[PDB]
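What follows is one structure encoded as structure tokens, with my remarks underneath.
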Amino acid sequence: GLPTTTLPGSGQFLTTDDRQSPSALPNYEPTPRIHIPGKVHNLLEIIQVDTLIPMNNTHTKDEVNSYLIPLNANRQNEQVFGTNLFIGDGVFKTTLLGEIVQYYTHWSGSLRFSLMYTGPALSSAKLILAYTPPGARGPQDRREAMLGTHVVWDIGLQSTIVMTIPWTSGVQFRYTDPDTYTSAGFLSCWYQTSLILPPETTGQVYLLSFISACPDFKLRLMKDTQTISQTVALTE
Amino acid sequence: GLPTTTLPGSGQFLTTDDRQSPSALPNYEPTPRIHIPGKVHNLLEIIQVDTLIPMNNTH
Amino acid sequence: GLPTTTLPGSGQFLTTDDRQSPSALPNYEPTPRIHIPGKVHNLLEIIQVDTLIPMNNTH
Amino acid sequence: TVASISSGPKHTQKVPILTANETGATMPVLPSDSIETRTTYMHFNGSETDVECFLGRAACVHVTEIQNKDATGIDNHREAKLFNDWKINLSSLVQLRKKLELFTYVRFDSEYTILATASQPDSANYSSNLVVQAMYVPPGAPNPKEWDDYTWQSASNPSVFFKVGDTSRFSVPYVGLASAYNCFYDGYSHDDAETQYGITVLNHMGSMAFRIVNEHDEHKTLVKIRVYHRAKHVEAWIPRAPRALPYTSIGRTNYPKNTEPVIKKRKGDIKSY
Amino acid sequence: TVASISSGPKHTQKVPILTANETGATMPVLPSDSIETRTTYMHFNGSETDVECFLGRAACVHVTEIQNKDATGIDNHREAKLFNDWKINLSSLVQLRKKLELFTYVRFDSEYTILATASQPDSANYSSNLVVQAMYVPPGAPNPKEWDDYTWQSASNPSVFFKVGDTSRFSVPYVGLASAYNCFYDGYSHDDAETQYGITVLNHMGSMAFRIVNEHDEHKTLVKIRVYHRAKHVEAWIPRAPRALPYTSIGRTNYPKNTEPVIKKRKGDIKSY
Amino acid sequence: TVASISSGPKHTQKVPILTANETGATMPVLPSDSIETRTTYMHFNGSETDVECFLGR
Amino acid sequence: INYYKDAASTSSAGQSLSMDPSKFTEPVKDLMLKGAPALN
Amino acid sequence: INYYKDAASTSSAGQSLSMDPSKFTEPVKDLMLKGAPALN
Amino acid sequence: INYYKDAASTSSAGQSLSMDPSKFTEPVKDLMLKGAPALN
Amino acid sequence: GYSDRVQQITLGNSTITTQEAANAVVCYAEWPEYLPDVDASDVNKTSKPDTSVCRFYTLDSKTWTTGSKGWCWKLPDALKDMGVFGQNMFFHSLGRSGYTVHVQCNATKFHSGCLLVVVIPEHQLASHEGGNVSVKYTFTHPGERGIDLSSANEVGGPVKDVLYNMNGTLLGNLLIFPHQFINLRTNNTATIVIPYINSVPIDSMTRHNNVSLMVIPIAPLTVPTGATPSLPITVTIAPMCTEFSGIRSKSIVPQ
Ligand SMILES: Cc1cc(CCCCCOc2ccc(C3=NCCO3)cc2Cl)on1
Ligand SMILES: Cc1cc(CCCCCOc2ccc(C3=NCCO3)cc2Cl)on1
């Protein structure tokens, strides 16, 4: 008989501990694995695939239309859309990125925001996208917007433009649930010159917008998502 | 005295676990084995012998 | 199963003991350290800096 | 590892930021393709986002309850909660469910922890000490009828006996019939016109069934069982869109009617911040 | 190591005891610069004044309380102490606080011990055996509303279940967002005119939230939770003046008005012994 | 270990499927003696049918 | 590691991995080859 | 040290440290180079 | 022997045995020698 | 002078040419291949009709109009009646296959509109009834007709709400599945190569569909002034590396 002493914590059950256990089914042989395409190893692998952002959130019931950012022909100087960058809330929240970020407490890294244009091929347009780093207000006019991170996008044969929100930060991690100290800025978009439709054409054209994370990205300290809850256990 | 911590499951009895136990009969000597024809090792050995099927179940 | 005996003191919590514990946050990666001037290692380092004595205590 | 390299002004014919998303790719664009950057290192590995880590902590998968009371004159033990069960499943309760259904096929060993606590809602002199016996009745085995049937002998079926207030823990290898468990299944068990659809048809694995071993004392004792499940040795294939609407049933994808808009409406314009 | 060397009479032009304190230095003067000494050795290392040792013992950081009782008809579990919480912090109670605030920035892993004891202030037949469940709701997670919400499933959030009367112990890595925790912060969360100042703005880390897993017995049971915290792997920068006045609030430096003189007045003259 | 070997059409004078059960033997006939098979491996050892396992709980 | 002195006290045995059904499936005195006629 | 005989009884697995998003982010048949035109 | 995988779970650290008060006691720009005049 | 843009796919006795492609997607970066022995279980030799089943079948055409919500086809169902592919299907116990899907929609440089073409492995549909109502067989086996998401709820059928993918997930996140867009201004076809994806090496072709192909208008069709307000969309699909096993009597399936 070897002398032992038990410490504080004996008998506790910590849902996060990782130890060995007896197998209830001694000697059982599991089914062989066969090959299946698509294996995922890290959630970091999947948040780099871009998905659509319901940017046009202004509706009243969920609709395919809140994915469409409208553009008006012949407007000059004006603003196309605006949003803050609380990736865990608001427009971002239902996107795959938003949806995964919510399983973690802290995030750090660059984001990739792209816009794909869908107007007739014989039209043309020049837009400016601007990222405003924390510390200033959402820009109120392009002059204000153009003094921060921006890209003049020229609509052409190449249909999409990929803007990166480079990680601009004092503190090396921000909280995914919106927090002030930790806030990330604003994203706005304005006409640089203006949309022009060809003859025989009319109305609004739309941009689709996507979001995905750069390879830069870090997420840490897992927790429970506000995105799902329940009141009684389900049954069959 | 070596410091320990006990985990969840301590004291449980799992009918399928396989561990050592003290022998109640210390030092006892079992009867020698003699040879007996017919030893079975796997149930897989015996399910290969065919047996009759009551196919005509209608009684 | 290895035979053990527990000694007096089992289960006690001594605020001054120093042992290992399971991490509640398995696999979490702490923020990198950056350099900060001023690191203290011993209280003996700081009690050698002189400070003023309110000698005139009479107020 | 560098998180960003140093990059300076650019005036090229080589534009990495113009792409064609119609192709289905997400081109790997970085901050340094469109602003001037400085070197910085990652200092991070992505350890805690590994799927083994993501699915590897215990989650509550089931809460049931049984009572110890005089069975004298009870015509239906099962019905008096003289013992109970759970035709197993893990779609049961929804926190872990949303996590698993981020994948289509999943393969893992399970580690179960079972916590049992007792309640004595009406006048008792004391708290008795009950031993629970949880046995797994794999489909086909002869399921059990009274709280003290021959079934409980469990001569071939793994069973664990632990005390109420304590916890039991053991781990079961991946028992799936195929190479992975289907998180989803767009099929039937056969081509009948009225058979059920989904996966409650594929996830037929019997069910665990608990009881108290103790005979009855003078008062009644409620024992409530909580089963926790931790995946170990995880393998996951084919990521899918996360669950947006609430769940209604174990094993079907169905959402409730007149549900509410899941996308938050802006308080303001598209232009609003 | 010598604590003092041998030194004899001196009649020099080299005076180590005259200095200019206006410079900000504390010149390293020793007994042997001004009296005749003999050799003596230190016999000591300064082991127990290491900051790891100074901050490394468990200190009580929080006492809370929850009760097990029939929740039937309770409109606000949180309010009935059917469960509770503590938006974490460690300025809470003052013994450990004065110790930490001897430094400006501090970095360490935490080891928590949680002791839970039960009380039955009014007539009970017995003492029941309750299991506590403490879960950490990191800000953003969906905080919990009743004592038996889906929240308690805690499928992604670390939770520990232990018995009242026992102790639970586990250790959490340094979870700070920056490189160190700020013991002080002369800033705001943004440049608003009315936002709060100090560090309660920076030390936003959710909070742990306890409950009893047991349903109710016939009597009521008070369970009082004490959280102890031990720093391990300590790193401290920039020493500061010790706290002289009493504390009034978690996270602000504020002292109470009409406080009392903190320097003891002489009973006698400056000349008094 | 192969569970089935590959086997193709047969037109022989050597018929493994005709036997005389009166002898008391169970002749070891396989799928590949009477249909055309493809190779497949066992992936299994028969561990949990060992008598030690069968009587050991 | 055995902690105990007696052999009965050790854990379960380990798989025969013996397996030879012929004592049961082919106990015939003159060997039968599959493919050759059963009765000659 | 494993104390148990079966593989299911061992603790959690250890980090894939595999990580290759291209099956998801770039499943295109003809390779796309960043910087070259998307559609030629 | 660490029984646990993560570094936070290990016991207390071990004595700095670093000790250098000069950042606090003599942060002067031009070095002062004891015995030499303070102000020249 | 090779462009990402022009392409030719020849499979069997049938060829497709597109002069306005946008590359092609190969699901999960894997190309269809036959079933290796190491992965095999059924001992039966399989049948590989090759060129008689691995050719291009063009399903009947759809009409995109300004009110369209989107269409959904299931595989192998959509092909249950195409030539010898279909016969083989009803006649063997098990079968396995990959596909090349080519979705076609041309317009002019004055039109606008953008379709999402996506392949979802194991697309288990939801009942519009809620609760645990099932979706009857016939409803998930529309055949070449596919399911029309702008048709009305029917009884025993699935829900046809587009912002929810017919299963409780948001349209916006379908992009995690192999997919390609058809943006009239860029593109005129979409091509996806689908490797066989299942948790078993071979399965039944009638009780289980292993992918749904979905074409969904996202930016509404906008025709030039006084143009007819609609465009046809055509889907052509070719089984590739098909294998059938366990031949017999010929399945009889509901309805
Ligand atoms: C996905 C998914 C997850 C699951 C559940 C898998 C359950 C496997 C079998 O479960 C058990 C086997 C044995 C015991 C047991 N043996 C002795 C005591 O308990 C308990 C369980 Cl839950 O099914 N599909
Ligand atoms: C200075 C200073 C000290 C602190 C407190 C740091 C607290 C870190 C997070 O705390 C916890 C994390 C997890 C658990 C926990 N997981 C399972 C059970 O408890 C408990 C706590 Cl207090 O903040 N600033």
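Following the order of the structure tokens, chains are lettered A, B, ..., residues in each are numbered from 1, and ligands are numbered from 1.
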
Next item on the list: Please provide the set of residues having any atom within 10 Å of region 24-28 of chain B, restricted to only C-alpha atoms, with same-chain residues fewer than 4 positions apart removed, written as a list in words.
Entry: residues 4, 5, 6, 7, 8 and 9 of chain G

For the residues selected in the previous step, produce a file with N, CA and C atoms as a PDB file, in the first residue's frame.
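Saved to selection_12.pdb:
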```pdb
ATOM      1  N   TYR G   4      -0.332  -7.726  -7.347  1.00  0.00           N
ATOM      2  CA  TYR G   4      -0.669  -8.862  -6.490  1.00  0.00           C
ATOM      3  C   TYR G   4       0.109 -10.102  -6.863  1.00  0.00           C
ATOM      4  N   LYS G   5       0.260 -10.967  -5.849  1.00  0.00           N
ATOM      5  CA  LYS G   5       1.095 -12.121  -5.951  1.00  0.00           C
ATOM      6  C   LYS G   5       0.548 -13.305  -6.686  1.00  0.00           C
ATOM      7  N   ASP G   6      -0.745 -13.540  -6.608  1.00  0.00           N
ATOM      8  CA  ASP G   6      -1.369 -14.734  -7.164  1.00  0.00           C
ATOM      9  C   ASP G   6      -1.801 -14.557  -8.568  1.00  0.00           C
ATOM     10  N   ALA G   7      -1.850 -15.618  -9.393  1.00  0.00           N
ATOM     11  CA  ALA G   7      -2.225 -15.402 -10.802  1.00  0.00           C
ATOM     12  C   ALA G   7      -3.696 -15.132 -10.983  1.00  0.00           C
ATOM     13  N   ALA G   8      -4.501 -15.494 -10.027  1.00  0.00           N
ATOM     14  CA  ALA G   8      -5.959 -15.376 -10.250  1.00  0.00           C
ATOM     15  C   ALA G   8      -6.253 -13.909 -10.163  1.00  0.00           C
ATOM     16  N   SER G   9      -5.217 -13.191  -9.724  1.00  0.00           N
ATOM     17  CA  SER G   9      -5.701 -11.793  -9.378  1.00  0.00           C
ATOM     18  C   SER G   9      -5.464 -10.892 -10.502  1.00  0.00           C
TER      19      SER G   9
END
```

Note to self: Residues near residue 140 (chain A), anyone? I mean within 12 Å using only C-alpha atoms, not counting same-chain ones fewer than 5 positions away, as a PyMOL selection string.
What the structure shows: (chain A and resi 77-82+130+132+145-147+186-190) or (chain D and resi 271-273)

Note to self: Could you tell me which residues of chain A sit within 7 Å of chain F when counting only C-alpha atoms, and give me the result as a PyMOL selection string?
What the structure shows: chain A and resi 27-29+32

Notebook entry, point to check: For chain I, which residues have at least one atom within 7 Å of chain C, if we go by only C-alpha atoms? Write them as a list in words, please.
Noted result: residues 4, 6, 8, 9, 10, 11, 12, 16, 18, 19, 20, 21, 24 and 25 of chain I

Serialized selection, N, CA, C and O atoms, as a compact mmCIF listing (two decimals), in the first residue's frame:
```
# COMPACT_ATOMS: atom_id res chain seq x y z
N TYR I 4 -0.51 17.47 -16.67
CA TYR I 4 -1.44 18.21 -17.53
C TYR I 4 -0.73 18.85 -18.70
O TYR I 4 0.47 19.27 -18.69
N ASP I 6 -1.45 21.83 -20.50
CA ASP I 6 -1.33 23.27 -20.66
C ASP I 6 -0.36 23.87 -19.71
O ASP I 6 -0.27 23.34 -18.56
N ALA I 8 -0.55 26.58 -18.01
CA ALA I 8 -1.13 27.38 -16.90
C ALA I 8 -1.34 26.40 -15.79
O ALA I 8 -1.67 26.84 -14.70
N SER I 9 -1.15 25.13 -16.16
CA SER I 9 -1.68 24.22 -15.06
C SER I 9 -0.58 23.81 -14.19
O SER I 9 -0.86 23.17 -13.13
N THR I 10 0.61 24.25 -14.47
CA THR I 10 1.82 23.88 -13.67
C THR I 10 1.89 24.69 -12.40
O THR I 10 1.21 25.70 -12.34
N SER I 11 2.72 24.23 -11.47
CA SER I 11 2.75 24.90 -10.15
C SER I 11 3.58 26.16 -10.29
O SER I 11 3.98 26.46 -11.41
N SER I 12 3.72 26.79 -9.13
CA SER I 12 4.31 28.14 -9.01
C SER I 12 5.68 28.13 -9.66
O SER I 12 6.31 27.09 -9.83
N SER I 16 13.14 34.00 -9.18
CA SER I 16 13.73 34.85 -10.17
C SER I 16 15.27 34.76 -10.01
O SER I 16 16.09 34.60 -10.97
N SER I 18 16.64 37.05 -9.79
CA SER I 18 17.19 38.04 -10.76
C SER I 18 17.79 39.19 -9.96
O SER I 18 19.05 39.18 -9.94
N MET I 19 16.98 40.05 -9.39
CA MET I 19 17.48 41.08 -8.47
C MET I 19 18.47 42.09 -8.95
O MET I 19 19.69 41.85 -8.76
N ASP I 20 18.02 43.25 -9.38
CA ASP I 20 18.84 44.35 -9.82
C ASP I 20 18.14 45.68 -9.56
O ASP I 20 17.39 46.15 -10.46
N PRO I 21 18.44 46.20 -8.41
CA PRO I 21 17.75 47.42 -7.96
C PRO I 21 18.23 48.59 -8.74
O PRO I 21 17.49 49.62 -8.56
N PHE I 24 15.77 51.20 -10.32
CA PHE I 24 15.04 51.96 -9.32
C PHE I 24 15.97 52.82 -8.49
O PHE I 24 15.58 54.02 -8.25
N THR I 25 17.10 52.36 -8.07
CA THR I 25 17.95 53.17 -7.16
C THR I 25 18.94 54.09 -7.81
O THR I 25 19.45 55.09 -7.17
```

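Taking only C-alpha atoms into account, chain D lies nearest to E:220 out of the set E:252, E:99, E:220, E:77.
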
Item checked: chain A contacts to chain C at 7 Å (only C-alpha atoms) as a list in words -> residues 1, 2, 3, 4, 5, 6, 7, 8, 16, 17, 220 and 221 of chain A

Write the residues of the preceding selection, restricted to N, CA and C atoms, as a PDB file, in the first residue's frame.
```pdb
ATOM      1  N   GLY A   1       0.690  -1.414   0.000  1.00  0.00           N
ATOM      2  CA  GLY A   1       0.000   0.000   0.000  1.00  0.00           C
ATOM      3  C   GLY A   1       0.647   1.328   0.000  1.00  0.00           C
ATOM      4  N   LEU A   2       0.792   2.095  -1.116  1.00  0.00           N
ATOM      5  CA  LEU A   2       1.501   3.361  -1.219  1.00  0.00           C
ATOM      6  C   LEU A   2       0.822   4.554  -0.636  1.00  0.00           C
ATOM      7  N   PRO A   3       1.376   5.329   0.296  1.00  0.00           N
ATOM      8  CA  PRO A   3       0.691   6.469   0.950  1.00  0.00           C
ATOM      9  C   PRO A   3       0.369   7.611   0.043  1.00  0.00           C
ATOM     10  N   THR A   4      -0.820   8.142  -0.014  1.00  0.00           N
ATOM     11  CA  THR A   4      -1.287   9.239  -0.823  1.00  0.00           C
ATOM     12  C   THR A   4      -1.974  10.296   0.044  1.00  0.00           C
ATOM     13  N   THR A   5      -2.195  11.456  -0.520  1.00  0.00           N
ATOM     14  CA  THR A   5      -2.906  12.587   0.052  1.00  0.00           C
ATOM     15  C   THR A   5      -3.882  13.179  -0.952  1.00  0.00           C
ATOM     16  N   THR A   6      -5.153  13.396  -0.739  1.00  0.00           N
ATOM     17  CA  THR A   6      -5.923  13.941  -1.956  1.00  0.00           C
ATOM     18  C   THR A   6      -5.987  15.398  -1.898  1.00  0.00           C
ATOM     19  N   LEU A   7      -5.941  16.103  -3.035  1.00  0.00           N
ATOM     20  CA  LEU A   7      -5.929  17.605  -2.998  1.00  0.00           C
ATOM     21  C   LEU A   7      -7.353  18.170  -3.193  1.00  0.00           C
ATOM     22  N   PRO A   8      -7.423  19.472  -2.938  1.00  0.00           N
ATOM     23  CA  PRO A   8      -8.654  20.213  -3.202  1.00  0.00           C
ATOM     24  C   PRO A   8      -8.997  19.927  -4.656  1.00  0.00           C
ATOM     25  N   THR A  16     -14.253  20.534 -19.236  1.00  0.00           N
ATOM     26  CA  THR A  16     -13.123  20.823 -20.104  1.00  0.00           C
ATOM     27  C   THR A  16     -11.850  20.110 -19.888  1.00  0.00           C
ATOM     28  N   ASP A  17     -11.786  19.182 -18.934  1.00  0.00           N
ATOM     29  CA  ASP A  17     -10.625  18.425 -18.554  1.00  0.00           C
ATOM     30  C   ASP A  17     -10.479  17.307 -19.588  1.00  0.00           C
ATOM     31  N   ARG A 220      -9.905  33.250 -30.100  1.00  0.00           N
ATOM     32  CA  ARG A 220      -9.547  32.517 -28.895  1.00  0.00           C
ATOM     33  C   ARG A 220     -10.568  32.658 -27.804  1.00  0.00           C
ATOM     34  N   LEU A 221     -10.490  31.765 -26.801  1.00  0.00           N
ATOM     35  CA  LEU A 221     -11.312  31.637 -25.647  1.00  0.00           C
ATOM     36  C   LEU A 221     -12.786  31.323 -26.020  1.00  0.00           C
TER      37      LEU A 221
END
```

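Closest approach to chain D among J:83, J:61, J:23, J:75 is made by J:23 (distances from only C-alpha atoms).
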
Next item on the list: List all protein, DNA and RNA residues that have at least one atom no more than 8 Å from any atom of ligand 2, counting only C-alpha atoms and all ligand atoms, and write them as a ChimeraX atom specification.
Entry: /A:14-16 /C:24-25 /E:88-91,100,106,110,112,134-136,157-160,170-176,181-183,203,205,207-208

Write the residues you've just listed into a file as a CSV table (one decimal), in the first residue's frame, and include N, CA and C atoms for each of them.
```csv
chain,number,residue,atom,x,y,z
A,14,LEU,N,-15.1,18.7,-14.3
A,14,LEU,CA,-14.8,20.0,-15.1
A,14,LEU,C,-15.1,19.7,-16.5
A,15,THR,N,-16.1,20.3,-17.2
A,15,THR,CA,-16.5,19.8,-18.5
A,15,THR,C,-15.3,19.9,-19.5
A,16,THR,N,-14.3,20.5,-19.2
A,16,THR,CA,-13.1,20.8,-20.1
A,16,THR,C,-11.8,20.1,-19.9
C,24,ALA,N,-9.0,25.2,-17.2
C,24,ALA,CA,-10.3,25.3,-17.6
C,24,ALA,C,-10.4,25.7,-19.1
C,25,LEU,N,-9.5,26.4,-19.6
C,25,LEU,CA,-9.4,26.8,-21.0
C,25,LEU,C,-8.2,26.0,-21.7
E,88,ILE,N,-17.0,39.0,-12.5
E,88,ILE,CA,-15.6,38.9,-11.9
E,88,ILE,C,-14.9,40.3,-11.7
E,89,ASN,N,-14.0,40.2,-10.7
E,89,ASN,CA,-13.0,41.2,-10.5
E,89,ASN,C,-12.2,40.8,-9.2
E,90,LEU,N,-11.1,41.5,-9.0
E,90,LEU,CA,-10.2,41.1,-7.9
E,90,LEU,C,-9.8,42.4,-7.0
E,91,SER,N,-10.5,43.5,-7.3
E,91,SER,CA,-10.4,44.7,-6.5
E,91,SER,C,-11.5,44.6,-5.4
E,100,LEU,N,-1.6,43.6,-4.9
E,100,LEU,CA,-1.4,43.8,-6.3
E,100,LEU,C,-1.1,45.2,-6.7
E,106,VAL,N,0.5,43.8,-14.3
E,106,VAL,CA,0.8,42.4,-13.6
E,106,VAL,C,0.4,41.4,-14.6
E,110,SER,N,-4.1,32.1,-13.2
E,110,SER,CA,-4.8,32.1,-11.9
E,110,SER,C,-5.1,30.7,-11.5
E,112,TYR,N,-8.0,29.0,-9.2
E,112,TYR,CA,-9.1,29.3,-8.4
E,112,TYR,C,-9.4,28.1,-7.4
E,134,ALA,N,-20.7,25.7,-11.2
E,134,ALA,CA,-20.2,27.1,-11.5
E,134,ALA,C,-19.8,27.1,-12.9
E,135,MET,N,-20.4,28.0,-13.7
E,135,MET,CA,-20.0,28.1,-15.2
E,135,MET,C,-19.5,29.6,-15.4
E,136,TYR,N,-18.6,29.7,-16.4
E,136,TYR,CA,-18.0,31.1,-16.7
E,136,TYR,C,-18.7,31.6,-18.0
E,157,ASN,N,-18.8,26.3,-22.9
E,157,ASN,CA,-18.3,27.2,-21.8
E,157,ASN,C,-17.8,26.3,-20.7
E,158,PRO,N,-16.6,26.5,-20.2
E,158,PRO,CA,-16.1,25.5,-19.2
E,158,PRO,C,-17.0,25.5,-17.9
E,159,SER,N,-17.4,24.4,-17.5
E,159,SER,CA,-18.1,24.5,-16.1
E,159,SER,C,-17.7,23.4,-15.2
E,160,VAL,N,-17.6,23.5,-13.9
E,160,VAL,CA,-17.2,22.5,-13.0
E,160,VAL,C,-18.4,22.1,-12.0
E,170,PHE,N,-9.3,24.6,-10.2
E,170,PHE,CA,-8.9,24.5,-11.6
E,170,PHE,C,-8.1,25.7,-11.9
E,171,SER,N,-7.6,25.8,-13.1
E,171,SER,CA,-6.6,27.1,-13.2
E,171,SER,C,-6.9,27.6,-14.5
E,172,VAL,N,-6.8,28.9,-14.7
E,172,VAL,CA,-7.2,29.5,-16.0
E,172,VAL,C,-6.0,30.3,-16.4
E,173,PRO,N,-5.5,30.2,-17.7
E,173,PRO,CA,-4.4,30.9,-18.2
E,173,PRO,C,-4.6,32.4,-18.1
E,174,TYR,N,-3.6,33.2,-18.3
E,174,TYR,CA,-3.8,34.7,-18.3
E,174,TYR,C,-4.7,35.1,-19.5
E,175,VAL,N,-5.9,35.4,-19.2
E,175,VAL,CA,-6.9,35.8,-20.2
E,175,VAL,C,-6.9,37.3,-20.5
E,176,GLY,N,-6.0,38.1,-20.2
E,176,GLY,CA,-6.0,39.5,-20.5
E,176,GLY,C,-5.9,39.8,-22.0
E,181,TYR,N,-2.1,42.8,-17.3
E,181,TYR,CA,-3.4,43.4,-16.8
E,181,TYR,C,-3.1,44.8,-16.3
E,182,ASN,N,-3.9,45.8,-16.5
E,182,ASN,CA,-3.5,47.2,-15.9
E,182,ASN,C,-4.0,47.2,-14.5
E,183,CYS,N,-3.2,47.4,-13.5
E,183,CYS,CA,-3.6,47.7,-12.2
E,183,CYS,C,-4.2,49.1,-12.1
E,203,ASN,N,-11.5,46.2,-17.5
E,203,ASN,CA,-11.6,44.9,-16.8
E,203,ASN,C,-13.0,44.4,-16.8
E,205,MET,N,-14.6,41.2,-18.0
E,205,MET,CA,-14.3,39.8,-18.4
E,205,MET,C,-15.4,38.8,-18.1
E,207,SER,N,-18.3,37.1,-16.2
E,207,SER,CA,-18.4,36.7,-14.8
E,207,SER,C,-18.9,35.3,-14.7
E,208,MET,N,-18.4,34.8,-13.7
E,208,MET,CA,-18.7,33.4,-13.3
E,208,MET,C,-20.1,33.5,-12.8
```

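CA of residue 235 (chain D) is positioned 22.7 Å from CA of residue 41 (chain F).
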
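Relative to CA of residue 222 (chain D), CA of residue 83 (chain D) is found at 11.2 Å.
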
Next item on the list: Could you list, as a PyMOL selection string, the residues of chain F having an atom within 7 Å of chain G when counting only C-alpha atoms?
Entry: chain F and resi 14-16+19-20+25-27+47+50+52

Next item on the list: Enumerate as a ChimeraX atom specification the residues belonging to chain D that approach chain A to within 7 Å, with only C-alpha atoms taken into account.
Entry: /D:3,17-21,26,30-31,46,48-51,57-58,92-95,158,169-172,174-175,177-179,236-238,241-242,248-251,261-266,269-273

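Taking chain I and asking which residues DSSP calls alpha helix (DSSP H) on the backbone, you get residues 22, 23, 24 and 25 of chain I.
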
Same residues, C-alpha atoms, output as a short mmCIF file (atom, residue, chain, number, x, y, z; two decimals), in the first residue's frame:
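After the write, selection.cif holds the following:
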```cif
data_model
loop_
_atom_site.label_atom_id
_atom_site.label_comp_id
_atom_site.auth_asym_id
_atom_site.auth_seq_id
_atom_site.Cartn_x
_atom_site.Cartn_y
_atom_site.Cartn_z
CA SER I 22 19.70 49.83 -10.10
CA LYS I 23 16.78 50.57 -12.43
CA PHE I 24 15.04 51.96 -9.32
CA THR I 25 17.95 53.17 -7.16
#
```

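The space between CA of residue 73 (chain J) and CA of residue 205 (chain J) spans 14.7 Å.
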
Next item on the list: Per DSSP on the backbone, filter chain C down to the residues in strand (DSSP E or B) and report them as a PyMOL selection string.
Entry: chain C and resi 4-6+23+39-40+42

Margin query: So that I can check the surroundings of residue 117 (chain J), please list as JSON, numbers by chain every protein, DNA and RNA residue that reaches within 8 Å of it, counting only C-alpha atoms and ignoring chain neighbours fewer than 3 positions away.
Written below: {"J": [103, 179, 180, 181, 182, 190, 213, 214, 215, 216]}

May I have the residues from that selection written out with N, CA and C atoms, as a short mmCIF file (atom, residue, chain, number, x, y, z; two decimals), in the first residue's frame?
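Generated output (out-v7.cif):
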```cif
data_model
loop_
_atom_site.label_atom_id
_atom_site.label_comp_id
_atom_site.auth_asym_id
_atom_site.auth_seq_id
_atom_site.Cartn_x
_atom_site.Cartn_y
_atom_site.Cartn_z
N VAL J 103 -24.72 24.46 -66.00
CA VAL J 103 -25.97 25.29 -66.04
C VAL J 103 -25.78 26.44 -67.02
N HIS J 179 -19.73 26.18 -55.27
CA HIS J 179 -20.77 26.89 -56.05
C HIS J 179 -20.12 27.80 -57.03
N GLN J 180 -20.94 28.36 -57.88
CA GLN J 180 -20.35 29.33 -58.96
C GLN J 180 -21.46 30.27 -59.27
N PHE J 181 -21.32 31.51 -59.66
CA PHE J 181 -22.41 32.47 -59.93
C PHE J 181 -22.57 32.53 -61.44
N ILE J 182 -23.67 32.89 -61.99
CA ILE J 182 -23.83 33.18 -63.44
C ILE J 182 -24.23 34.67 -63.44
N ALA J 190 -22.14 27.95 -65.78
CA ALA J 190 -21.57 27.52 -64.49
C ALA J 190 -21.28 26.02 -64.66
N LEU J 213 -28.73 20.02 -56.44
CA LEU J 213 -28.16 21.11 -57.26
C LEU J 213 -29.19 22.22 -57.06
N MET J 214 -28.85 23.42 -56.84
CA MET J 214 -29.84 24.49 -56.63
C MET J 214 -29.49 25.67 -57.49
N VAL J 215 -30.38 26.21 -58.26
CA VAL J 215 -30.07 27.44 -59.08
C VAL J 215 -31.00 28.51 -58.47
N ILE J 216 -30.50 29.58 -57.94
CA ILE J 216 -31.32 30.63 -57.26
C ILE J 216 -31.07 31.99 -57.79
#
```

Notebook entry, point to check: Any idea what's packed within 10 Å of residue 188 (chain D), counting only C-alpha atoms, ignoring anything in its chain fewer than 2 positions away? Could you give it as a count of residues only?
Noted result: 21

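Shell of residue 245 (chain E) at 10 Å, with only C-alpha atoms counted and residues fewer than 6 places along the chain excluded, is residues 253, 254, 255, 256, 259, 260, 261 and 262 of chain E.
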